[PDB]
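Here's the structure, in structure tokens; my notes come after.
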Amino acid sequence: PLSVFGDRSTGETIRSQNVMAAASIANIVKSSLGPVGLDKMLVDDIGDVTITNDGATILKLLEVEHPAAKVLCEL
Amino acid sequence: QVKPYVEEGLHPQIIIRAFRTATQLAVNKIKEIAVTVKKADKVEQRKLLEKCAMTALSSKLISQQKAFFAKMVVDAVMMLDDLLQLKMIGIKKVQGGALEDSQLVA
Amino acid sequence: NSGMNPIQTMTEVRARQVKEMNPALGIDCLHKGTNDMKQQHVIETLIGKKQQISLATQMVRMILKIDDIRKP
Amino acid sequence: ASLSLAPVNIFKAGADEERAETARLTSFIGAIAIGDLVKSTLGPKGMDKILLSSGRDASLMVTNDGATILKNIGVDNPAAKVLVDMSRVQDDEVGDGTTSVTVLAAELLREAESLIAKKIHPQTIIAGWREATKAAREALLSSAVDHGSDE
Amino acid sequence: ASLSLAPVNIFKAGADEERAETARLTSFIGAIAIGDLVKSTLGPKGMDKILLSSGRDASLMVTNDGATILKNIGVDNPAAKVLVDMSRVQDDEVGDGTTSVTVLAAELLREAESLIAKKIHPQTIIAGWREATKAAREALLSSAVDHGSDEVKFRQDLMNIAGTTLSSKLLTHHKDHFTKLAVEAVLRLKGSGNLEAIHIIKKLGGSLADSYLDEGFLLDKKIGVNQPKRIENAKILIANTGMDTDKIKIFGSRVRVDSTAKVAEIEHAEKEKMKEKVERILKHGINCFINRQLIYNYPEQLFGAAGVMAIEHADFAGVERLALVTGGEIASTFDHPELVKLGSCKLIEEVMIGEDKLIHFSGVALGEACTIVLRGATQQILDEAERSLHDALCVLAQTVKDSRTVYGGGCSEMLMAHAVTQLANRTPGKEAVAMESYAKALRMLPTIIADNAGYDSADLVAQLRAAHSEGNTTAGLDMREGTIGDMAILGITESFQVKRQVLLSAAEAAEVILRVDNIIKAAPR
Amino acid sequence: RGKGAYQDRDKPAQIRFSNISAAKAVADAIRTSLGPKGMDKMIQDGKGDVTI
Amino acid sequence: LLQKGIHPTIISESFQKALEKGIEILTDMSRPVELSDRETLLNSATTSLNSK
Amino acid sequence: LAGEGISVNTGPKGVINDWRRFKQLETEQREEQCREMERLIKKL
Amino acid sequence: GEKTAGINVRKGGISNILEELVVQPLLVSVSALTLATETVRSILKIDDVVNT
Ligand SMILES: Nc1ncnc2c1ncn2[C@@H]1O[C@H](COP(=O)(O)OP(=O)(O)O)[C@@H](O)[C@H]1O
Ligand SMILES: Nc1ncnc2c1ncn2[C@@H]1O[C@H](COP(=O)(O)OP(=O)(O)O)[C@@H](O)[C@H]1O
Ligand SMILES: Nc1ncnc2c1ncn2[C@@H]1O[C@H](COP(=O)(O)OP(=O)(O)O)[C@@H](O)[C@H]1O
Ligand SMILES: [Mg+2]
């Protein structure tokens with residue numbers, strides 16, 4: 001009926017998807033919090049290695065597709 | 001409900017023990033407060049069975065005729081002798097006709 | 001199907017049925033000059049009409065109760 | 001809302017429906033094609049036709065019979081199938097008249113197409129044709145002559 | 001034997017040919033398909049069409065115009081191409097009558113197909129159609145009435161013609177308003193046939209009834225930074241000079257010096273040249289200056305310092321329209337101010353139309369140029385309103401050029417076909433049958449007009465035929481209720497030129513298509 | 001008055017129904033974004049652009 | 001309306017009549033407002049922003 | 001078999017979704033083939 | 001007779017909204033009604049779709 005060339009999500013589905021993306025982003029960096037936190041080792045698929053604990057650097061280096069995850073990274 | 005406690009590192013055995021204790025208490029409470037009639041009155045027992053059948057039926061597409069179906073179900077169960085075997089209640093489906101046209105054959 | 005205007009004809013027939021108590025007034029599909037189906041001998045079984053109404057209502061209820069599809 | 005022209009899809013893959021104007025156009029086209037094919041083989045000055053089979057044998061058949069022509073053709077138009085069955089049944093009932101009945105049916109359907117284009121309900125056309133058929137049959141019966149008494 | 005049906009093959013790969021029966025079949029099918037498509041958009045109760053482009057932009061167009069429908073379709077049938085070109089030429093010659101001529105040609109070709117099925121040589125049909133066309137043209141010419149002598153009667157005829165033209169379009173909702181608008185816009189041209197002197201500006205938003213014909217003129221251009229935004233009793237000078245990094249037209253010239261001081265001196269000399277040109281322009285004693293080309297920063301700063309409004313980048317159409325509406329002369333030299341006429345108007349200001357700002361010329365001197373503001377709810381509505389208004393303006397201009405008028409509503413076709421029938425029943429041979437088919441097509445035109453309204457087309461056409469048979473030469477299709485009536489009283493008037501062109505073009509195209517007995521196509525590229 | 005004119009096409013009715021269905025679908029799409037309690041829609045175009 | 005046998009031209013004219021009547025009705029409900037009244041302007045802006 | 005002036009009209013309207021879904025992949029394949037053949041054949 | 005009775009989201013029922021400061025200019029509802037009616041009338045005068 002809409003005849004819109006694309007996919008559509010509505011209701012609890014999209015809300016749960018956004019919360020999923022936000023929770024995934026949070027869980028990415030949850031292990032690098034506080035003095036008993038530990039660093040992460042990022043590889044840039046060309047051999048370049050980055051070791052860091054800073055959340056901003058980790059979120060900038062990661063490839064993000066979901067808009068809510070992008071919102072959290074920009075935050 | 002227990003997912004947030006799992007996420008924060010609570011040991012699963014504590015949750016299992018809590019579930020077991022709560023379930024035992026709930027089952028005991030249900031058995032304690034359940035209402036029973038200690039009279040074996042035929043009319044009262046039939047009314048109880050009909051009400052239970054209506055409650056079990058008032059969630060389906062036949063809920064509009066729940067009294068009729070409940071009465072027939074109670075009659076069919078009461079006609080069973082001692083084992084209440086499910087194979088002793090034949091169910092025949094014939095296409096066409098209204099739901100009120102359904103009949104129980106003695 | 002007979003070419004007449006639906007809303008006007010149906011409204012006129014209903015108004016005639018209300019005015020003069022006669023449930024035999026219908027749609028003059030064959031253009032016989034009268035609406036009284038008793039005179040035109042347009043007769044159908046009561047059982048057929050009752051089954052029509054009952055089956056239609058039951059199927060409509062069963063369709064309305066469905067709120068999810070899981071095609072492969 | 002037409003069944004095919006609806007946002008939801010009802011028919012299976014490969015299934016389709018043709019509505020009023022499309023169905024009438026298809027039926028009239030098929031009937032007129034059959035009538036034009038069968039005709040020109042009518043009357044004393046009719047001409048025969050060559051039927052080449054596409055099978056392995058490739059049987060060759062030249063004939064003037066309307067039923068024979070209509071039988072050995074690959075027909076996909078349903079109205080053409082109706083006319084072919086009409087011709088076959090006419091041949092079964094009596095020996096002759098297959099070409100005549102096919103041409104008459106085609107001409108009647110052409111006139112029906114013209115009348116439909118002239119904004120006439122097909123039920124009115126059918127009623128008029130029933131009256132005309134009754135009158136024509138009565139007139140034809142009233143003109144029949146019998147000579148079975150005299151050898 | 002034929003080229004295709006020969007044991008040897010004579011053609012390139014992909015080329016083919018169609019002989020008499022097949023060529024006639026294809027041509028008739030194509031022409032009848034075009035006629036059936038373009039029809040149902042005819043008469044007061046005709047509907048519109050949606051033209052959904054399949055290209056990358058996917059342009060959406062809603063229109064009742066037959067010419068625009070026929071031109072914007074992928075056509076492979078050659079006879080359909082002939083009919084499409086006929087409709088395009090019909091639109092080029094006069095604004096209205098594209099659907100009528102296309103439908104008439106299609107009906108003529110359908111009758112020709114029937115006659116060919118009746119075993120009649122196409123040459124006989126062509127001769128009979130030539131005779132019928134002569135008779136119908138003579139009858140229509142004799143039926144024409146002229147009202148150019150009387151001013152009030154001519155204005156009434158113009159009103160009736162504009163209303164009849166707009167009756168079939170989307171503007172029929174507000175027919176009186178748009179009729180008066182178009183008539184006033186055409187009368188403001190003072191006999192000039194240049195429809196480009198009338199500008200149609202489409203602004204989204206607002207109702208269709210909000211459209212109006214401006215009492216002065218409107219420009220969609222801007223003003224300089226430091227120039228006045230409002231001038232009273234303006235003296236306008238229209239120009240077509242460069243005034244932008246103005247280069248001496250000696251293309252081989254160059255600056256060659258040995259120091260940068262000389263370069264600075266040459267730059268100052270160029271600036272002084274531009275300043276002197278601006279001073280010469282100002283010597284004309286003007287308040288508003290309009291230039292066709294762009295005006296750069298230095299000339300516009302000089303204009304602002306002199307308190308003179310300078311409008312730049314008004315294209316050839318813009319400068320022509322300002323010259324027409326204000327009476328100024330487009331100048332490119334400023335050495336003889338006494339030999340240049342300056343446009344004059346009471347007021348120039350900026351008006352706020354929608355979310356855009358335009359320059360408004362009010363109290364113009366001549367006014368032989370019009371701007372029409374079209375307001376609509378959708379882009380399609382605005383486009384269709386513009387097309388309908390263009391048709392009305394074209395027909396009104398044609399009527400101004402030639403004041404002879406005929407009666408619409410099928411009356412003209414009815415009298416044409418009556419004359420054709422009177423000729424047909426006076427001629428022996430199958431040419432009589434060909435002329436009868438011509439008359440049948442002429443009848444079919446108002447038959448389709450009545451069918452589009454859901455009326456009893458057969459009965460109404462029979463009544464019209466009878467009425468024209470007794471002698472009622474003004475009877476037609478009264479579309480208000482579905483009866484017949486006098487079109488002299490009802491004022492369903494239409495231009496004689498449009499009807500004559502429709503008849504002649506339809507007959508010509510039918511004749512040229514009927515002559516074809518072999519269609520040969522080369523290998524497509 | 002009688003049978004009346006017979007509509008032998010039925011294509012215009014189908015076109016009208018299709019147009020109305022499309023418009024109603026568009027309204028139902030933008031129906032939940034109305035009033036002080038209406039929420040927002042996040043739209044991702046052909047490119048990576050996101051608009052709430 | 002169309003399924004009832006109504007031509008899609010009487011519908012348009014009747015809708016135009018209804019639109020004119022509704023415009024008159026809305027004009028009846030109107031209340032004059034002056035730009036010097038800051039409270040009405042603030043209320044209008046707040047009502048506009050309530051849904052965002 | 002007549003009526004070659006089909007005027008398919010709103011037929012393709014109901015299939016723009018599937019047609020465009022196929023056309024996107026077709027365009028991607030054509031672009032990939034063109035980029036592959038930009039070097040090859042030209043002076044292979 | 002309650003001319004200004006409207007939906008009160010804050011209260012949860014029906015009450016006067018002039019006390020809730022929910023007001024809008026007349027040339028929003030009037031424009032919406034006029035343009036919507038015009039668009040509907042334009043759509044109703046369509047009976048075919050052609051692919052170019
Ligand atoms: N000698 C004849 N003179 C005139 N008409 C004839 C003659 N012979 C046959 N016909 C006509 O030819 C028509 C077709 O006959 P025919 O082709 O033999 O079989 P069918 O009736 O199956 O087509 C008949 O209706 C008949 O009227
Ligand atoms: N008010 C009316 N009453 C009767 N006939 C009309 C009226 N308005 C237009 N017509 C007829 O409709 C025909 C077609 O006009 P129209 O569709 O406006 O442009 P075109 O000639 O391009 O089709 C004309 O021949 C005219 O006679
Ligand atoms: N606080 C409120 N209480 C009740 N209704 C409101 C309130 N704020 C806005 N509305 C109503 O919500 C409607 C929709 O406005 P909105 O959601 O902004 O979209 P739009 O302005 O495009 O209609 C308006 O007609 C307005 O009357
Ligand atoms: Mg016109």
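Here, A, B, ... name the chains of the structure tokens in the order displayed, residue numbers run from 1 inside each chain, and ligands are numbered from 1 in the same displayed order.
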Test item: residues lying within 6 Å of ligand 1 with only C-alpha atoms and all ligand atoms, as a PyMOL selection string | chain D and resi 42-44+96-100
Write out as a VMD selection string the residues lying within 8 Å of residue E:385, counting only C-alpha atoms and excluding same-chain residues fewer than 4 positions away.
-> chain E and resid 170 to 171 374 381 389
Surrounding residues of residue I:24 excluding itself and chain neighbours under 4 positions, 10 Å, only C-alpha atoms, as JSON, numbers by chain | {"G": [40, 41, 43, 44, 45, 46, 47, 48], "I": [28, 29]}
Find the residues near ligand 3. Use a cut-off of 12 Å, count only C-alpha atoms and all ligand atoms, and write them as an NGL selection string.
-> (:F and (30-40)) or (:G and (43-52)) or (:I and (4-26 or 28-33))
Neighbour list for residue F:45 as a list in words, cut-off 10 Å, only C-alpha atoms, skip fewer than 5 positions in-chain |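 My reading of the contact set: residues 6 of chain A; 50 and 51 of chain F.
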Would you export the selected residues with N, CA, C and O atoms as a tab-separated table (two decimals), in the first residue's frame, please?
chain	number	residue	atom	x	y	z
A	6	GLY	N	11.75	0.50	0.23
A	6	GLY	CA	12.59	0.34	1.41
A	6	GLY	C	11.89	-0.50	2.45
A	6	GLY	O	10.76	-0.97	2.25
F	50	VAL	N	20.73	10.20	7.91
F	50	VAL	CA	19.69	9.82	8.87
F	50	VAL	C	18.98	11.08	9.32
F	50	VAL	O	19.62	12.07	9.66
F	51	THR	N	17.65	11.04	9.30
F	51	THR	CA	16.83	12.18	9.70
F	51	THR	C	15.74	11.72	10.65
F	51	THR	O	14.87	10.93	10.26
Interatomic distance (Å, one decimal) between atom CA of residue E:467 and atom CA of residue E:407 =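 Here the two named atoms are 14.9 Å from each other.
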Can you tell me which residues sit at most 7 Å away from ligand 4, counting only C-alpha atoms and all ligand atoms, written as an MDAnalysis selection string?
-> chainID E and resid 96:97 165:166 168
How would the residues just chosen look if you wrote them out with N, CA, C and O atoms as a short mmCIF file (atom, residue, chain, number, x, y, z; two decimals), in the first residue's frame?
data_model
loop_
_atom_site.label_atom_id
_atom_site.label_comp_id
_atom_site.auth_asym_id
_atom_site.auth_seq_id
_atom_site.Cartn_x
_atom_site.Cartn_y
_atom_site.Cartn_z
N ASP E 96 -6.42 24.81 -29.15
CA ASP E 96 -7.43 23.82 -28.81
C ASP E 96 -7.69 22.92 -30.01
O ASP E 96 -7.31 23.22 -31.14
N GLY E 97 -8.36 21.80 -29.75
CA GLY E 97 -8.80 20.90 -30.79
C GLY E 97 -7.94 19.68 -31.04
O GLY E 97 -8.18 18.96 -32.01
N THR E 165 -13.81 26.86 -23.92
CA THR E 165 -12.48 26.25 -23.93
C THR E 165 -12.10 25.73 -22.55
O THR E 165 -11.52 24.64 -22.43
N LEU E 166 -12.42 26.49 -21.50
CA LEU E 166 -12.06 26.08 -20.15
C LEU E 166 -13.04 25.09 -19.54
O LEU E 166 -12.76 24.56 -18.46
N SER E 168 -13.78 22.08 -20.23
CA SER E 168 -13.33 20.70 -20.18
C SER E 168 -12.09 20.49 -19.32
O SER E 168 -11.68 19.34 -19.15
#
